Amino acid sequence: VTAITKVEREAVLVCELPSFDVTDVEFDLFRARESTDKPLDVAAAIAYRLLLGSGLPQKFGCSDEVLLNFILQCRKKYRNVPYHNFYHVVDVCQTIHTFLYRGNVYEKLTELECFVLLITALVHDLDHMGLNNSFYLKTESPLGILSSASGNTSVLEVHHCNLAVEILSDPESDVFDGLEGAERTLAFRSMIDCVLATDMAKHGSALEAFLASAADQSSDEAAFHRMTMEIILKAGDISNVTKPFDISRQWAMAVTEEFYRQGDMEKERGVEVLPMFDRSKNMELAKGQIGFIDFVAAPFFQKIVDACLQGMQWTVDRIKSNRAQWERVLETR
Ligand SMILES: CCCCNC(=O)C#Cc1cc(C2=NN(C3CCCCCC3)C(=O)[C@@H]3CCCC[C@H]23)ccc1OC
Ligand SMILES: [Mg+2]
Ligand SMILES: [Zn+2]
């Protein structure tokens with residue numbers, strides 16, 4: 001990991017994001033990416049602005065300089081894939097800011113936990129290649145064999161954590177260098193637990209654990225905090241369908257293309273290709289999004305808002321209205 005240059009930091013700091021309000025639930029990262037022809041420097045500057053405006057990095061002895069080095073060390077390790085690129089993790093960072101500060105989830109966590117979550121957003125998909133865990137295991141690829149041999153089925157999520165500790169091992173990009181003892185430990189353990197919890201194979205059990213804890217007034221408090229962090233990172237990670245319809249739609253286009261590519265390589269490798277990943281099945285976006293809404297996103301957001309995160313009710317309202325709009329695309333076809 002080469003150190004970040006004064007020139008690179010300057011390239012970010014110049015961005016001023018005219019009109020954009022990065023703290024708003026109606027914020028639009030697509031409009032932001034076009035507004036210039038340096039769409040990466042913009043993304044970095046949104047992330048930088050979000051982290052400073054929280055007032056958290058300052059409280060934990062993280063200089064403006066170390067914070068920007070971190071953001072740029074993260075950006076270098078993301079790839080040119082349709083969805084799991086740098087724009088996705090800047091989106092998860094911004095969305096998590098809104099859940100914390102507009103949804104009042106900050107009230108459930110310490111400032112350190114709020115700081116860790118915003119930072120974890122940016123590392124949670126490092127060096128994602130546009131292929132899911134299943135691909136690595138079905139093709140008996142090296143990373144797949146190593147996961148299988150060492151007993152951890154979360155191929156990508158363990159990879160992401162490995163790159164996250166690498167970046168933070170250098171004091172010039174360690175946003176946690178200001179921490180010591182129990183606080184530094186908590187920052188690393190909670191960042192790692194949250195990234196590992198983004199594996200959708202654990203979706204059901206993470207959701208049921210958080211709900212059983214929130215329903216139990218005698219839950220261990222440290223455990224409830226941890227599961228709140230995991231649930232918020234998960235929330236941001238499937239937050240596409242909580243955005244204004246046209247934003248939601250562009251995200252659904254980017255993820256469908258990434259899936260389609262995986263199925264193109266699964267084809268040329270002679271491995272099982274699910275309907276979802278098959279360009280030849282040419283399924284309607286509308287039916288896809290309605291499916292995701294009915295089986296994953298609507299139950300998830302409704303249950304966590306009912307159980308505990310009442311201030312996030314708008315996510316359930318926007319899902320409800322996004323589903324209505326896709327039902328009208330169908331009704332008028
Ligand atoms: C049954 C739905 C049909 C799919 N068609 C669609 O229109 C769509 C979509 C879509 C999908 C994802 C992700 N999907 N999933 C798994 C979720 C569990 C159900 C099925 C297995 C995939 C993952 O693991 C990714 C990695 C982690 C998080 C979610 C993401 C994110 C955003 C999306 O829309 C913007
Ligand atoms: Mg991921
Ligand atoms: Zn993600």
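Just so you know, these numbers use all the heavy atoms, side chains as well, and skip hydrogens, waters and symmetry mates. Counting convention: from 1, in listed order, for ligands and their atoms alike. All residue numbers in this chain count up from 1 along the given sequence.
- Nearest N/O/S atom of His88 with respect to the Zn ion (ligand 3) is recorded as NE2.
- Using a cutoff of 4.0 Å between basic side-chain nitrogens and carboxylate oxygens, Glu266 and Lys138 are scored as salt-bridged.
- Relative to the six-membered ring of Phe115, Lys59 misses at least one condition, a distance below 6.0 Å or an angle of at most 45° to the axis.
- Atom 35 (C) of ligand 1 has as its closest protein heavy atom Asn240 OD1, 3.3 Å.
- Rounding to 10 degrees, one finds that the Zn ion (ligand 3) sits at the corner of an angle of 180° between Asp125 OD2 and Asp237 OD1.
- Side-chain atoms of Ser154 and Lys202 form a donor-acceptor pair, as typed in the model, at a separation below 3.5 Å.
- Between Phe188 and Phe176, the ring-plane angle classifies as perpendicular under the 30° and 60° cut-offs.
- At a cut-off of 2.8 Å, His124 coordinates the Zn ion (ligand 3) through an N, O or S atom.
- For atom 15 (N) of ligand 1, the closest non-hydrogen atom on the protein side is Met200 CG, 4.2 Å.
- Scanning all protein heavy atoms for the shortest distance to atom 19 (C) of ligand 1 gives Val296 CG2, 4.0 Å.
- Within the 4.0 angstrom cut-off, atom 30 (C) of ligand 1 has no protein heavy-atom neighbours.
- Listed by number with element, the atoms of ligand 1 under 4.0 angstrom from any heavy atom of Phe292 are 2 (C), 11 (C), 12 (C).
- Residue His84: no N/O/S atom is found under 2.8 Å from the Zn ion (ligand 3).
- Within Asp125, the N, O or S atom at minimum distance from the Mg ion (ligand 2) carries the name OD1.
- Heavy-atom contacts of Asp237 reach the following atoms of ligand 1: 27 (C), 28 (C) (cutoff under 4.0 Å).
- Given atom 13 (C) of ligand 1, the protein heavy atom at minimum distance is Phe259 CZ, 4.2 Å.
- For atom 3 (C) of ligand 1, the closest non-hydrogen atom on the protein side is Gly288 O, 4.0 Å.
- A donor and an acceptor atom, one from each side chain of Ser213 and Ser219, are located under 3.5 Å apart.
- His84 and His88 have perpendicular rings, their planes meeting at more than 60° on a 0 to 90° scale where under 30° would count as parallel.
- Residues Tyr83 and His128 keep their aromatic ring centres 6.0 Å or farther apart.
- Using a 4.0 Å cut-off between charged nitrogen and carboxylate oxygen, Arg9 and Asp64 do not count as a salt-bridge pair.
- Using a 4.5 Å heavy-atom threshold, the side chains of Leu100 and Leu109 count as touching.
- Protein heavy atom at the shortest distance from atom 22 (C) of ligand 1 is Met276 CE, 3.9 Å.
- A salt bridge links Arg318 to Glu26: at least one charged side-chain nitrogen sits closer than 4.0 Å to a carboxylate oxygen.
- Because the distance cut-off is set at 2.8 Å, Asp199 fails to qualify as a neighbour of the Mg ion (ligand 2), as none of its N, O or S atoms comes that close.
- In this model, a donor atom of one side chain and an acceptor atom of the other lie less than 3.5 Å apart for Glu157 and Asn133.
- Remark: minimum distance from atom 33 (C) of ligand 1 to any protein heavy atom is reached at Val255 CG2, 3.7 Å.
- Listed by atom number, the atoms of ligand 1 under 4.0 Å from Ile238 heavy atoms are 28 (C), 29 (C).
- Here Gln289 has heavy atoms under 4.0 Å from ligand 1 in both its backbone and its side chain.
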